[PDB]
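Below you'll find only one chain, the form deposited in one PDB entry, shown as structure tokens.
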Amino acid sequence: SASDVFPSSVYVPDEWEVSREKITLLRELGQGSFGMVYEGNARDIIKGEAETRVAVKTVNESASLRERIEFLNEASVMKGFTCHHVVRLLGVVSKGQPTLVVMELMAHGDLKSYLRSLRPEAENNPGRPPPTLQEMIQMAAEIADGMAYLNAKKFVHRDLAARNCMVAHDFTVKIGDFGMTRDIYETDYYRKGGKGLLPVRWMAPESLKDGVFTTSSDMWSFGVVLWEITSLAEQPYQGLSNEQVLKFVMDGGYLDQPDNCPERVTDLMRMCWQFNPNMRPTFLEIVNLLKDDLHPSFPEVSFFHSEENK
């Protein structure tokens, strides 16, 4: 026997582990500043499905230690989430280099790019109109549901923005990009000490001031996401500097409604941009304002309608 060598050498297998050769990579779907996203195809990673289209997130070998730490923690938080409106983790490859994070493919990429492509002028226009009021309401409901779920799990996303909302083949939007996501179970807030690049244009006054992040500051970013949707992904506060935005927002400033913004959307933004974080709605309330005019499938898949929303 070599049963003494066993507990030393083979450990409890990680459920999430997929064998590297099961992954075939097709093309680049995105370059971050240190993170590649590929479209790919995977053999036998979902029970019953012989092959599964997928997105594969990696970090380049130029990744800093901090970047590797963050990707590592992004990978872990994703393991805990199961929601139709949150980008699904499907597997991890940790045996060898590079480390792959395998996720459901969101075929139309991120919302920001998607919105910009729907500008009439866009060189990459897909041949359909910009979003209808209906579609914008459906988008908002999906995003808020997904955010509602994460808040029910006691995480604050901290980086909600159209660039981090992913759009599927059927046009369903889902929250992605959990690098900045923090557990808030014990205290209901996450406080950040000083230095650390986070985009000030999506941030709540209190976060700008005290580095405090709550589900209510996610609500602030949600308003900015509504704004991107109704402006087809303009730059918020164009022609002001980050520094100028910081001051303005901390003083009570916020964005204007985009031209011809629907009154319903405008109304949600006003709620999102209440200075007092206590006064902003919850994501569950957002979904509740929208629930009567959504696709019929929404109740069958949403977090809001599920039993888990106890």
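The first residue of the shown sequence is 1; numbering continues from there.
Per the records, residue 32 is among the residues left out by at least a third of the other compared entries, whereas the shown structure includes it.
Higher average CA B factor: 9 to 17, of the stretches 9 to 17 and 287 to 295. As the entry records it, the average C-alpha temperature factor is higher for 192 to 200, out of 192 to 200 and 118 to 126. Across 246, 269, 56, 279, the greatest Cα temperature factor reported in the deposited entry is at 246. Note on 228, 206, 145, 135: the highest value goes to 206, judged by CA B factor as recorded. In the deposited entry, the Cα temperature factor of residue 250 places it in the highest third of its chain's modelled residues. Ranked by Cα temperature factor within the chain, residue 173 sits in the lowest third according to the deposited record. In the deposited entry, the Cα temperature factor of residue 76 places it in the middle third of its chain's modelled residues. Split the chain's modelled residues into thirds by C-alpha temperature factor. Residue 214 is in the middle one. Looking at the C-alpha B-factors along this chain, the one for residue 26 belongs to the lowest third.
Quick note: we don't show the form deposited with a partner chain bound, though the next part is all about it.
Not one of 222, 262 and 290 is positioned with any heavy atom within 4.5 Å of its partner chain in the deposited complex. With the partner removed from view, the residue among 137, 148, 232, 203 that has a non-hydrogen atom within 4.5 Å of its partner chain in the deposited complex turns out to be 203. This chain is drawn without its partner chain; in the deposited complex, the residue among 208, 141, 86, 102 with a heavy atom within 4.5 Å of it is 208. In the deposited complex, no heavy atom of residue 227 sits within 4.5 Å of its partner chain. In the deposited complex, residue 119 stays away from its partner chain, with no heavy atom inside 4.5 Å. Contact annotation: residue 198 falls within 4.5 Å of its partner chain in the deposited complex, judged by heavy atom distances. Of the heavy atoms in residue 271, none are within 4.5 Å of its partner chain in the deposited complex.
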